[PDB]
file structure34.cif (mmCIF, C-alpha atoms and all ligand atoms)
data_coords
loop_
_atom_site.label_atom_id
_atom_site.label_comp_id
_atom_site.auth_asym_id
_atom_site.auth_seq_id
_atom_site.Cartn_x
_atom_site.Cartn_y
_atom_site.Cartn_z
CA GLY A 1 -123.11 -144.67 -123.72
CA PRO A 2 -120.99 -147.07 -121.56
CA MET A 3 -121.25 -143.89 -119.32
CA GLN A 4 -124.42 -143.53 -117.14
CA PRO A 5 -126.85 -140.79 -118.32
CA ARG A 6 -126.51 -137.27 -116.75
CA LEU A 7 -129.28 -134.63 -116.75
CA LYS A 8 -127.94 -131.18 -117.84
CA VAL A 9 -129.94 -128.34 -116.24
CA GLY A 10 -129.58 -124.78 -117.51
CA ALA A 11 -131.14 -121.37 -117.01
CA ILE A 12 -131.09 -118.04 -118.83
CA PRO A 13 -128.42 -115.84 -117.24
CA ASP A 14 -130.97 -113.26 -116.00
CA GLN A 15 -129.00 -112.16 -112.85
CA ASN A 16 -125.59 -112.20 -111.11
CA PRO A 17 -123.96 -115.59 -112.02
CA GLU A 18 -122.80 -116.15 -108.36
CA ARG A 19 -126.47 -116.08 -107.22
CA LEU A 20 -127.50 -118.43 -110.13
CA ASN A 21 -124.57 -120.84 -109.34
CA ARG A 22 -125.88 -121.14 -105.73
CA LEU A 23 -129.52 -121.60 -106.84
CA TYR A 24 -128.96 -124.07 -109.72
CA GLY A 25 -126.20 -126.01 -107.92
CA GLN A 26 -128.57 -126.50 -104.92
CA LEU A 27 -131.43 -127.43 -107.34
CA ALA A 28 -129.23 -129.95 -109.25
CA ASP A 29 -128.43 -131.69 -105.90
CA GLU A 30 -132.14 -131.63 -104.90
CA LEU A 31 -133.25 -133.13 -108.27
CA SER A 32 -130.39 -135.64 -108.02
CA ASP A 33 -131.60 -136.83 -104.57
CA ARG A 34 -135.29 -136.97 -105.69
CA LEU A 35 -134.70 -138.71 -109.09
CA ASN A 36 -131.60 -140.85 -108.24
CA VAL A 37 -129.85 -139.69 -111.47
CA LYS A 38 -126.71 -137.52 -111.89
CA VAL A 39 -127.84 -133.88 -112.50
CA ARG A 40 -125.42 -131.03 -113.38
CA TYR A 41 -126.01 -127.26 -113.75
CA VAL A 42 -124.38 -126.06 -116.99
CA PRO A 43 -124.13 -122.24 -117.12
CA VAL A 44 -124.42 -120.23 -120.39
CA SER A 45 -123.05 -116.71 -121.00
CA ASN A 46 -126.14 -115.09 -122.60
CA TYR A 47 -129.81 -115.61 -123.41
CA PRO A 48 -129.41 -116.89 -127.00
CA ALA A 49 -126.77 -119.46 -125.88
CA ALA A 50 -129.46 -121.09 -123.64
CA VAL A 51 -131.82 -121.37 -126.65
CA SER A 52 -129.00 -122.73 -128.83
CA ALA A 53 -127.66 -125.25 -126.24
CA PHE A 54 -131.25 -126.49 -125.69
CA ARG A 55 -131.96 -126.83 -129.46
CA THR A 56 -128.75 -128.89 -130.05
CA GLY A 57 -129.01 -131.13 -126.89
CA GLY A 58 -126.27 -129.44 -124.78
CA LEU A 59 -129.03 -128.78 -122.11
CA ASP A 60 -131.94 -131.13 -121.23
CA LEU A 61 -134.01 -128.98 -118.82
CA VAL A 62 -133.87 -125.18 -118.88
CA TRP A 63 -135.39 -122.35 -116.89
CA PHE A 64 -136.43 -120.03 -119.74
CA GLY A 65 -138.11 -116.67 -119.94
CA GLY A 66 -141.29 -116.33 -122.00
CA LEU A 67 -139.60 -115.24 -125.25
CA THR A 68 -136.57 -117.63 -124.99
CA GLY A 69 -138.79 -120.59 -124.00
CA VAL A 70 -141.15 -119.88 -126.94
CA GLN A 71 -138.12 -119.71 -129.25
CA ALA A 72 -136.58 -122.90 -127.78
CA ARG A 73 -139.87 -124.84 -128.21
CA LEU A 74 -140.48 -123.55 -131.80
CA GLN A 75 -136.93 -124.68 -132.82
CA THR A 76 -137.10 -128.04 -130.92
CA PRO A 77 -140.07 -130.20 -132.01
CA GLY A 78 -141.43 -132.29 -129.10
CA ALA A 79 -140.03 -129.99 -126.33
CA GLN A 80 -142.55 -129.71 -123.47
CA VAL A 81 -143.31 -127.03 -120.88
CA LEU A 82 -143.22 -128.58 -117.36
CA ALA A 83 -143.81 -125.90 -114.73
CA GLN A 84 -143.57 -122.25 -113.63
CA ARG A 85 -143.55 -120.47 -110.29
CA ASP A 86 -146.85 -119.38 -108.75
CA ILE A 87 -145.61 -115.79 -109.51
CA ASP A 88 -144.91 -116.44 -113.28
CA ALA A 89 -148.68 -116.67 -114.12
CA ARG A 90 -149.08 -112.91 -113.22
CA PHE A 91 -145.57 -111.52 -113.89
CA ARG A 92 -144.78 -107.80 -114.27
CA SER A 93 -141.95 -105.48 -115.26
CA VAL A 94 -141.01 -102.44 -113.18
CA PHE A 95 -139.82 -99.28 -114.84
CA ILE A 96 -137.22 -97.69 -112.58
CA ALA A 97 -135.64 -94.20 -112.68
CA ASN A 98 -132.55 -92.67 -111.05
CA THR A 99 -133.99 -90.04 -108.61
CA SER A 100 -131.79 -87.30 -110.24
CA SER A 101 -133.47 -87.89 -113.69
CA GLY A 102 -136.57 -85.80 -112.81
CA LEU A 103 -138.93 -88.68 -113.71
CA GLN A 104 -142.16 -88.94 -111.64
CA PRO A 105 -144.44 -91.92 -110.99
CA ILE A 106 -146.66 -92.62 -114.07
CA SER A 107 -150.40 -93.32 -113.47
CA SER A 108 -151.20 -94.76 -116.97
CA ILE A 109 -149.58 -96.32 -120.05
CA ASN A 110 -150.13 -92.95 -121.91
CA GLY A 111 -147.73 -91.25 -119.33
CA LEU A 112 -144.78 -93.37 -120.69
CA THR A 113 -144.27 -90.44 -123.18
CA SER A 114 -142.23 -88.86 -120.28
CA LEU A 115 -139.39 -91.30 -121.24
CA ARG A 116 -138.92 -89.59 -124.65
CA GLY A 117 -135.36 -88.15 -124.75
CA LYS A 118 -134.15 -90.10 -121.65
CA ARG A 119 -131.20 -92.56 -121.48
CA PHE A 120 -133.17 -95.82 -121.18
CA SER A 121 -131.77 -99.33 -120.60
CA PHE A 122 -133.46 -102.60 -121.41
CA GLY A 123 -132.01 -105.84 -120.07
CA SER A 124 -131.01 -108.62 -122.48
CA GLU A 125 -132.17 -108.18 -126.11
CA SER A 126 -133.98 -111.52 -125.59
CA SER A 127 -135.58 -110.64 -122.21
CA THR A 128 -139.37 -110.82 -121.83
CA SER A 129 -139.56 -108.76 -118.61
CA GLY A 130 -136.47 -106.66 -119.45
CA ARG A 131 -137.12 -105.86 -123.15
CA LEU A 132 -140.00 -107.46 -125.03
CA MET A 133 -142.99 -106.55 -122.80
CA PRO A 134 -141.56 -103.11 -121.82
CA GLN A 135 -140.98 -102.32 -125.54
CA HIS A 136 -144.57 -103.56 -126.24
CA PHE A 137 -146.10 -101.26 -123.56
CA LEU A 138 -143.91 -98.30 -124.72
CA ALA A 139 -145.20 -98.81 -128.34
CA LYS A 140 -148.86 -98.70 -127.11
CA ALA A 141 -148.09 -95.21 -125.61
CA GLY A 142 -146.48 -94.19 -128.97
CA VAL A 143 -142.82 -94.44 -127.68
CA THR A 144 -140.22 -96.34 -129.75
CA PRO A 145 -136.55 -96.81 -128.76
CA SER A 146 -135.48 -94.33 -131.53
CA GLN A 147 -137.16 -91.61 -129.33
CA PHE A 148 -134.72 -92.30 -126.36
CA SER A 149 -131.56 -90.17 -125.86
CA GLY A 150 -128.98 -91.22 -128.53
CA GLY A 151 -131.74 -92.70 -130.76
CA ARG A 152 -131.57 -96.16 -129.10
CA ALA A 153 -131.97 -98.17 -125.84
CA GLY A 154 -129.12 -99.69 -123.82
CA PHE A 155 -129.18 -103.49 -123.38
CA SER A 156 -127.66 -104.30 -119.97
CA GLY A 157 -127.68 -108.12 -120.48
CA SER A 158 -129.43 -108.94 -117.15
CA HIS A 159 -132.00 -107.78 -114.56
CA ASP A 160 -129.17 -107.12 -112.00
CA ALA A 161 -127.21 -105.10 -114.60
CA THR A 162 -130.29 -102.92 -115.40
CA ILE A 163 -130.49 -101.96 -111.68
CA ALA A 164 -126.70 -101.29 -111.65
CA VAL A 165 -126.58 -98.91 -114.70
CA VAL A 166 -129.68 -96.95 -113.55
CA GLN A 167 -128.35 -96.74 -109.96
CA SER A 168 -124.95 -95.52 -111.26
CA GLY A 169 -126.67 -92.77 -113.38
CA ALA A 170 -125.17 -94.20 -116.66
CA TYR A 171 -128.89 -94.55 -117.65
CA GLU A 172 -131.78 -92.46 -116.32
CA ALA A 173 -134.39 -95.22 -116.54
CA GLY A 174 -134.77 -98.92 -117.33
CA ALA A 175 -137.14 -101.85 -117.16
CA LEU A 176 -136.73 -105.17 -115.42
CA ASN A 177 -138.15 -108.29 -113.81
CA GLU A 178 -140.29 -107.16 -110.79
CA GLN A 179 -139.22 -110.24 -108.68
CA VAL A 180 -135.53 -109.38 -109.13
CA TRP A 181 -136.30 -105.74 -108.20
CA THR A 182 -138.34 -106.71 -105.10
CA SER A 183 -135.64 -109.26 -103.90
CA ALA A 184 -132.91 -106.63 -104.52
CA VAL A 185 -134.81 -104.01 -102.42
CA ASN A 186 -135.44 -106.56 -99.59
CA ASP A 187 -131.77 -107.71 -99.59
CA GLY A 188 -130.28 -104.15 -99.54
CA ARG A 189 -128.75 -104.67 -103.03
CA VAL A 190 -130.27 -101.41 -104.37
CA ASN A 191 -130.05 -97.89 -102.93
CA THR A 192 -133.76 -96.84 -102.83
CA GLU A 193 -132.62 -93.19 -102.35
CA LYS A 194 -130.98 -93.28 -105.84
CA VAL A 195 -133.49 -95.55 -107.70
CA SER A 196 -137.32 -95.71 -107.58
CA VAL A 197 -140.18 -97.41 -109.44
CA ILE A 198 -142.07 -95.05 -111.79
CA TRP A 199 -144.38 -97.73 -113.34
CA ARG A 200 -145.46 -101.41 -113.13
CA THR A 201 -146.74 -103.08 -116.30
CA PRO A 202 -149.91 -105.10 -116.60
CA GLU A 203 -149.52 -108.84 -115.90
CA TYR A 204 -148.17 -111.34 -118.45
CA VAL A 205 -146.79 -114.91 -118.29
CA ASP A 206 -142.98 -115.27 -118.21
CA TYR A 207 -140.65 -117.93 -116.79
CA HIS A 208 -141.11 -121.67 -117.30
CA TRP A 209 -139.22 -124.96 -117.33
CA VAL A 210 -138.85 -126.50 -120.77
CA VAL A 211 -137.62 -130.06 -121.27
CA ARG A 212 -136.12 -131.75 -124.34
CA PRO A 213 -138.10 -134.58 -125.97
CA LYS A 214 -137.06 -138.26 -125.64
CA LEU A 215 -135.50 -138.05 -122.14
CA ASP A 216 -137.45 -141.26 -121.38
CA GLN A 217 -135.24 -143.08 -123.98
CA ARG A 218 -132.11 -142.01 -122.06
CA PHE A 219 -133.37 -142.38 -118.44
CA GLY A 220 -136.26 -144.93 -118.71
CA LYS A 221 -140.05 -144.87 -119.24
CA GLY A 222 -141.71 -142.32 -116.86
CA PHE A 223 -138.60 -140.20 -116.21
CA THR A 224 -140.06 -136.97 -117.70
CA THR A 225 -143.20 -137.33 -115.49
CA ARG A 226 -141.00 -138.05 -112.42
CA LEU A 227 -138.91 -134.96 -113.26
CA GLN A 228 -142.06 -132.80 -113.55
CA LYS A 229 -143.35 -134.19 -110.17
CA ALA A 230 -139.96 -133.46 -108.57
CA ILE A 231 -140.23 -129.76 -109.61
CA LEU A 232 -143.95 -129.55 -108.59
CA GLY A 233 -143.03 -131.30 -105.30
CA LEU A 234 -140.51 -128.67 -104.12
CA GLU A 235 -141.59 -127.59 -100.61
CA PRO A 236 -139.98 -125.50 -97.85
CA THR A 237 -139.31 -128.52 -95.60
CA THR A 238 -135.48 -128.89 -95.73
CA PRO A 239 -132.87 -126.07 -95.59
CA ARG A 240 -131.89 -126.84 -99.21
CA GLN A 241 -135.52 -126.58 -100.50
CA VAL A 242 -136.08 -123.44 -98.38
CA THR A 243 -132.99 -121.84 -100.05
CA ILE A 244 -134.12 -122.86 -103.58
CA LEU A 245 -137.64 -121.45 -103.05
CA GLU A 246 -136.24 -118.27 -101.35
CA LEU A 247 -133.90 -117.60 -104.35
CA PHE A 248 -136.80 -118.26 -106.82
CA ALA A 249 -139.01 -116.06 -104.54
CA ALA A 250 -141.79 -118.65 -105.10
CA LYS A 251 -144.06 -120.47 -102.61
CA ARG A 252 -144.42 -123.33 -105.14
CA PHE A 253 -144.11 -124.47 -108.76
CA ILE A 254 -147.35 -125.05 -110.66
CA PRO A 255 -148.27 -126.66 -113.98
CA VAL A 256 -148.49 -124.52 -117.12
CA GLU A 257 -149.69 -125.23 -120.69
CA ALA A 258 -147.84 -124.07 -123.86
CA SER A 259 -151.13 -122.37 -124.98
CA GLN A 260 -150.67 -119.66 -122.30
CA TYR A 261 -147.53 -118.47 -124.24
CA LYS A 262 -149.56 -117.58 -127.40
CA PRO A 263 -149.67 -113.86 -126.40
CA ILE A 264 -145.84 -113.83 -125.83
CA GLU A 265 -145.28 -115.49 -129.21
CA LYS A 266 -147.53 -112.85 -130.87
CA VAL A 267 -145.59 -109.93 -129.31
CA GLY A 268 -142.34 -111.67 -130.26
CA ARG A 269 -143.49 -111.82 -133.93
CA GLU A 270 -144.82 -108.21 -133.83
CA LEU A 271 -141.42 -106.91 -132.57
CA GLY A 272 -139.40 -109.04 -135.05
CA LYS A 273 -137.77 -111.37 -132.45
CA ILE A 274 -139.50 -114.52 -133.81
CA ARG A 275 -139.25 -115.38 -137.60
CL CL B 301 -126.07 -138.67 -120.93
CL CL B 302 -123.00 -135.19 -119.47
CL CL B 303 -138.05 -119.33 -133.10
CL CL B 304 -132.25 -106.56 -130.50
CL CL B 305 -137.31 -97.55 -132.76
CL CL B 306 -132.41 -99.66 -129.55
CL CL B 307 -127.79 -96.25 -125.51
CL CL B 308 -139.06 -141.41 -125.56
CL CL B 309 -139.88 -136.05 -106.02
#
call {"tool": "encode", "arguments": {"input": "structure34.cif", "output": "structure tokens", "more": "lines below"}}
Ligand SMILES: [Cl-]
Ligand SMILES: [Cl-]
Ligand SMILES: [Cl-]
Ligand SMILES: [Cl-]
Ligand SMILES: [Cl-]
Ligand SMILES: [Cl-]
Ligand SMILES: [Cl-]
Ligand SMILES: [Cl-]
Ligand SMILES: [Cl-]
result
Amino acid sequence: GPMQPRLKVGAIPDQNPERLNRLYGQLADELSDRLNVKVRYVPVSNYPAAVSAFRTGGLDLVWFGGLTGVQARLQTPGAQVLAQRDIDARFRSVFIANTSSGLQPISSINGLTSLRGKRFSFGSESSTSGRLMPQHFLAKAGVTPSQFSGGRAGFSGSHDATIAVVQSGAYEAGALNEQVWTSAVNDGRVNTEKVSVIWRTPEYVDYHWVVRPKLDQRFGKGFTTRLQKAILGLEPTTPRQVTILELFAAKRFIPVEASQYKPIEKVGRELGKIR
């Protein structure tokens, strides 16, 4: 192009878009200052749109969940995994219940049978922490979504929306991203009288940065490495970096290898999300 190259950063829309606009707009400015290239945050309206925009080149660098990042990489030969938060290596879901539902804390996976007959909400259909891994753990206890009230699960579309519909009593129970839950409790965004945690899943890997191939052709030899180092270099030294790391609820970003997503890919194929 006679136009100078711009890096398009995206993220799955996993929470309130106002909070994501603040986070990714601050991050785009931080990456822009560290790389000396124009960086823009481009929002998408749902999880699949992030996969699709990445596959077709509408996004260059995307904050994906486990399932969406595995999908994006399988459909985009040469895409690479750059980084994840410290917390993404040992991620969990919380199962939450409205305190009028009569659900008690569960002490084992086998106790998930208590959710039979209950109005249950997942997050996005494509969510690792909000759908895929919760559905996986439910299946191990012998619970399938057909056994919920109405013969199916709700899909709220986001971790924030799962808290909202359980808190409101529209659903009795749901599952979501533990970091979003913990940040919501700490911020006063959830009424802990109305909503409580009844179970935490075992650990799995979840969020990661995925980058399109051939960025070095657009931005120059070494750019992809410099981009990775910029993410890995984020540190709570300036107000802007403190804000980014606060909103990610991370102390740092760390390297990650594609091979650590093999278990997520397997669950995705078992539950029919990956063809
Ligand atoms: Cl460009
Ligand atoms: Cl552009
Ligand atoms: Cl795929
Ligand atoms: Cl689905
Ligand atoms: Cl089912
Ligand atoms: Cl369902
Ligand atoms: Cl439903
Ligand atoms: Cl290249
Ligand atoms: Cl840097």
call {"tool": "residues_near_ligand", "arguments": {"input": "structure34.cif", "ligand": "ligand CL 307 (chain B)", "cutoff": "10 Å", "atoms": "all atoms listed in the file", "output": "mmCIF file with C-alpha atoms, keeping the file's coordinate frame"}}
result
data_model
loop_
_atom_site.group_PDB
_atom_site.id
_atom_site.type_symbol
_atom_site.label_atom_id
_atom_site.label_comp_id
_atom_site.auth_asym_id
_atom_site.auth_seq_id
_atom_site.Cartn_x
_atom_site.Cartn_y
_atom_site.Cartn_z
ATOM 1 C CA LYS A 118 -134.150 -90.100 -121.650
ATOM 2 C CA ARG A 119 -131.200 -92.560 -121.480
ATOM 3 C CA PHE A 120 -133.170 -95.820 -121.180
ATOM 4 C CA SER A 121 -131.770 -99.330 -120.600
ATOM 5 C CA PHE A 122 -133.460 -102.600 -121.410
ATOM 6 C CA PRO A 145 -136.550 -96.810 -128.760
ATOM 7 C CA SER A 146 -135.480 -94.330 -131.530
ATOM 8 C CA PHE A 148 -134.720 -92.300 -126.360
ATOM 9 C CA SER A 149 -131.560 -90.170 -125.860
ATOM 10 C CA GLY A 150 -128.980 -91.220 -128.530
ATOM 11 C CA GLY A 151 -131.740 -92.700 -130.760
ATOM 12 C CA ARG A 152 -131.570 -96.160 -129.100
ATOM 13 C CA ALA A 153 -131.970 -98.170 -125.840
ATOM 14 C CA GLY A 154 -129.120 -99.690 -123.820
ATOM 15 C CA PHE A 155 -129.180 -103.490 -123.380
ATOM 16 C CA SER A 156 -127.660 -104.300 -119.970
ATOM 17 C CA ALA A 170 -125.170 -94.200 -116.660
ATOM 18 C CA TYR A 171 -128.890 -94.550 -117.650
#
call {"tool": "residues_around", "arguments": {"input": "structure34.cif", "residues": "stretch 220-231 of chain A", "least_positions_apart": "4", "cutoff": "9 Å", "atoms": "all atoms listed in the file", "output": "list in words"}}
result
residues 30, 31, 34, 35, 82, 83, 211, 213, 214, 215, 216, 252, 253, 254 and 255 of chain A
call {"tool": "closest_residue", "arguments": {"input": "structure34.cif", "among": "A:80, A:36, A:15, A:26", "to": "residue A:127", "atoms": "all atoms listed in the file"}}
result
A:15
call {"tool": "atom_distance", "arguments": {"input": "structure34.cif", "atom1": "atom CA of residue A:125", "atom2": "atom CA of residue A:179"}}
result
18.9 Å
call {"tool": "residues_near_point", "arguments": {"input": "structure34.cif", "point": "(-144.0, -111.3, -132.7)", "cutoff": "12 Å", "atoms": "only C-alpha atoms", "output": "ChimeraX atom specification"}}
result
/A:67,70-71,128,132-133,135-136,261-275
call {"tool": "closest_atom_pairs", "arguments": {"input": "structure34.cif", "of": "stretch 76-155 of chain A", "to": "stretch 191-200 of chain A", "cutoff": "10 Å", "atoms": "only C-alpha atoms", "output": "JSON lines"}}
result
{"residue": "A:92", "atom": "CA", "partner": "A:200", "partner_atom": "CA", "distance": 6.5}
{"residue": "A:93", "atom": "CA", "partner": "A:200", "partner_atom": "CA", "distance": 5.8}
{"residue": "A:94", "atom": "CA", "partner": "A:200", "partner_atom": "CA", "distance": 4.6}
{"residue": "A:95", "atom": "CA", "partner": "A:199", "partner_atom": "CA", "distance": 5.0}
{"residue": "A:96", "atom": "CA", "partner": "A:197", "partner_atom": "CA", "distance": 4.3}
{"residue": "A:97", "atom": "CA", "partner": "A:196", "partner_atom": "CA", "distance": 5.6}
{"residue": "A:98", "atom": "CA", "partner": "A:195", "partner_atom": "CA", "distance": 4.5}
{"residue": "A:99", "atom": "CA", "partner": "A:194", "partner_atom": "CA", "distance": 5.2}
{"residue": "A:100", "atom": "CA", "partner": "A:194", "partner_atom": "CA", "distance": 7.5}
{"residue": "A:101", "atom": "CA", "partner": "A:195", "partner_atom": "CA", "distance": 9.7}
{"residue": "A:103", "atom": "CA", "partner": "A:198", "partner_atom": "CA", "distance": 7.4}
{"residue": "A:104", "atom": "CA", "partner": "A:198", "partner_atom": "CA", "distance": 6.1}
{"residue": "A:105", "atom": "CA", "partner": "A:198", "partner_atom": "CA", "distance": 4.0}
{"residue": "A:106", "atom": "CA", "partner": "A:199", "partner_atom": "CA", "distance": 5.6}
{"residue": "A:107", "atom": "CA", "partner": "A:199", "partner_atom": "CA", "distance": 7.5}
{"residue": "A:108", "atom": "CA", "partner": "A:199", "partner_atom": "CA", "distance": 8.3}
{"residue": "A:109", "atom": "CA", "partner": "A:199", "partner_atom": "CA", "distance": 8.6}
{"residue": "A:111", "atom": "CA", "partner": "A:199", "partner_atom": "CA", "distance": 9.4}
{"residue": "A:112", "atom": "CA", "partner": "A:199", "partner_atom": "CA", "distance": 8.6}
{"residue": "A:134", "atom": "CA", "partner": "A:200", "partner_atom": "CA", "distance": 9.7}
call {"tool": "write_last_selection", "arguments": {"input": "structure34.cif", "atoms": "C-alpha atoms", "output": "CSV table (one decimal), keeping the file's coordinate frame"}}
result
chain,number,residue,atom,x,y,z
A,92,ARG,CA,-144.8,-107.8,-114.3
A,93,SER,CA,-142.0,-105.5,-115.3
A,94,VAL,CA,-141.0,-102.4,-113.2
A,95,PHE,CA,-139.8,-99.3,-114.8
A,96,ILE,CA,-137.2,-97.7,-112.6
A,97,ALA,CA,-135.6,-94.2,-112.7
A,98,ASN,CA,-132.6,-92.7,-111.0
A,99,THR,CA,-134.0,-90.0,-108.6
A,100,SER,CA,-131.8,-87.3,-110.2
A,101,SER,CA,-133.5,-87.9,-113.7
A,103,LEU,CA,-138.9,-88.7,-113.7
A,104,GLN,CA,-142.2,-88.9,-111.6
A,105,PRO,CA,-144.4,-91.9,-111.0
A,106,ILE,CA,-146.7,-92.6,-114.1
A,107,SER,CA,-150.4,-93.3,-113.5
A,108,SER,CA,-151.2,-94.8,-117.0
A,109,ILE,CA,-149.6,-96.3,-120.0
A,111,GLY,CA,-147.7,-91.2,-119.3
A,112,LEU,CA,-144.8,-93.4,-120.7
A,134,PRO,CA,-141.6,-103.1,-121.8
call {"tool": "axis_aligned_box", "arguments": {"input": "structure34.cif", "around": "stretch 105-115 of chain A", "padding_each_side": "3 Å", "output": "lines of an AutoDock Vina configuration file"}}
result
center_x = -145.3
center_y = -92.6
center_z = -117.1
size_x = 17.8
size_y = 13.5
size_z = 18.2
call {"tool": "closest_residue", "arguments": {"input": "structure34.cif", "among": "A:43, A:157, A:58, A:174", "to": "residue A:19", "atoms": "all atoms listed in the file"}}
result
A:43
call {"tool": "build_atoms", "arguments": {"input": "structure34.cif", "residues": "stretch 132-153 of chain A", "atoms": "N, CA and C atoms", "output": "PDB file, in the frame of the given file"}}
result
ATOM      1  N   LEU A 132    -138.908-107.221-124.086  1.00  0.00           N
ATOM      2  CA  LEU A 132    -140.000-107.460-125.030  1.00  0.00           C
ATOM      3  C   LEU A 132    -141.277-106.785-124.533  1.00  0.00           C
ATOM      4  N   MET A 133    -141.722-107.114-123.327  1.00  0.00           N
ATOM      5  CA  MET A 133    -142.990-106.550-122.800  1.00  0.00           C
ATOM      6  C   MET A 133    -142.858-105.059-122.502  1.00  0.00           C
ATOM      7  N   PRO A 134    -141.746-104.566-121.914  1.00  0.00           N
ATOM      8  CA  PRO A 134    -141.560-103.110-121.820  1.00  0.00           C
ATOM      9  C   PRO A 134    -141.631-102.410-123.189  1.00  0.00           C
ATOM     10  N   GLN A 135    -140.950-102.937-124.192  1.00  0.00           N
ATOM     11  CA  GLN A 135    -140.980-102.320-125.540  1.00  0.00           C
ATOM     12  C   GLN A 135    -142.415-102.344-126.073  1.00  0.00           C
ATOM     13  N   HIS A 136    -143.150-103.420-125.840  1.00  0.00           N
ATOM     14  CA  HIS A 136    -144.570-103.560-126.240  1.00  0.00           C
ATOM     15  C   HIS A 136    -145.422-102.456-125.604  1.00  0.00           C
ATOM     16  N   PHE A 137    -145.326-102.296-124.279  1.00  0.00           N
ATOM     17  CA  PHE A 137    -146.100-101.260-123.560  1.00  0.00           C
ATOM     18  C   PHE A 137    -145.667 -99.869-124.029  1.00  0.00           C
ATOM     19  N   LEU A 138    -144.377 -99.597-124.200  1.00  0.00           N
ATOM     20  CA  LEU A 138    -143.910 -98.300-124.720  1.00  0.00           C
ATOM     21  C   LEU A 138    -144.587 -98.013-126.075  1.00  0.00           C
ATOM     22  N   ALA A 139    -144.673 -99.004-126.964  1.00  0.00           N
ATOM     23  CA  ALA A 139    -145.200 -98.810-128.340  1.00  0.00           C
ATOM     24  C   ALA A 139    -146.684 -98.433-128.253  1.00  0.00           C
ATOM     25  N   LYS A 140    -147.428 -99.019-127.324  1.00  0.00           N
ATOM     26  CA  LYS A 140    -148.860 -98.700-127.110  1.00  0.00           C
ATOM     27  C   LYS A 140    -149.047 -97.230-126.691  1.00  0.00           C
ATOM     28  N   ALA A 141    -148.080 -96.637-126.000  1.00  0.00           N
ATOM     29  CA  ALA A 141    -148.090 -95.210-125.610  1.00  0.00           C
ATOM     30  C   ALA A 141    -147.544 -94.320-126.735  1.00  0.00           C
ATOM     31  N   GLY A 142    -147.084 -94.912-127.838  1.00  0.00           N
ATOM     32  CA  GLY A 142    -146.480 -94.190-128.970  1.00  0.00           C
ATOM     33  C   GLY A 142    -144.997 -93.887-128.785  1.00  0.00           C
ATOM     34  N   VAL A 143    -144.294 -94.583-127.877  1.00  0.00           N
ATOM     35  CA  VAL A 143    -142.820 -94.440-127.680  1.00  0.00           C
ATOM     36  C   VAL A 143    -142.118 -95.635-128.327  1.00  0.00           C
ATOM     37  N   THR A 144    -141.102 -95.344-129.121  1.00  0.00           N
ATOM     38  CA  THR A 144    -140.220 -96.340-129.750  1.00  0.00           C
ATOM     39  C   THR A 144    -138.823 -96.027-129.257  1.00  0.00           C
ATOM     40  N   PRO A 145    -137.922 -97.027-129.223  1.00  0.00           N
ATOM     41  CA  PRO A 145    -136.550 -96.810-128.760  1.00  0.00           C
ATOM     42  C   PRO A 145    -135.756 -95.722-129.492  1.00  0.00           C
ATOM     43  N   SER A 146    -136.127 -95.406-130.732  1.00  0.00           N
ATOM     44  CA  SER A 146    -135.480 -94.330-131.530  1.00  0.00           C
ATOM     45  C   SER A 146    -135.736 -92.977-130.848  1.00  0.00           C
ATOM     46  N   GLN A 147    -136.800 -92.854-130.046  1.00  0.00           N
ATOM     47  CA  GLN A 147    -137.160 -91.610-129.330  1.00  0.00           C
ATOM     48  C   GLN A 147    -136.406 -91.437-128.001  1.00  0.00           C
ATOM     49  N   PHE A 148    -135.548 -92.395-127.591  1.00  0.00           N
ATOM     50  CA  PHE A 148    -134.720 -92.300-126.360  1.00  0.00           C
ATOM     51  C   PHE A 148    -133.510 -91.438-126.708  1.00  0.00           C
ATOM     52  N   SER A 149    -132.857 -90.863-125.699  1.00  0.00           N
ATOM     53  CA  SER A 149    -131.560 -90.170-125.860  1.00  0.00           C
ATOM     54  C   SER A 149    -130.598 -91.073-126.637  1.00  0.00           C
ATOM     55  N   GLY A 150    -129.978 -90.535-127.695  1.00  0.00           N
ATOM     56  CA  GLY A 150    -128.980 -91.220-128.530  1.00  0.00           C
ATOM     57  C   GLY A 150    -129.633 -92.044-129.609  1.00  0.00           C
ATOM     58  N   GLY A 151    -130.963 -92.002-129.719  1.00  0.00           N
ATOM     59  CA  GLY A 151    -131.740 -92.700-130.760  1.00  0.00           C
ATOM     60  C   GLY A 151    -131.772 -94.214-130.570  1.00  0.00           C
ATOM     61  N   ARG A 152    -131.434 -94.708-129.378  1.00  0.00           N
ATOM     62  CA  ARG A 152    -131.570 -96.160-129.100  1.00  0.00           C
ATOM     63  C   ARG A 152    -131.630 -96.414-127.588  1.00  0.00           C
ATOM     64  N   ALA A 153    -132.005 -97.638-127.222  1.00  0.00           N
ATOM     65  CA  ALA A 153    -131.970 -98.170-125.840  1.00  0.00           C
ATOM     66  C   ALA A 153    -130.619 -98.823-125.578  1.00  0.00           C
TER      67      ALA A 153
END
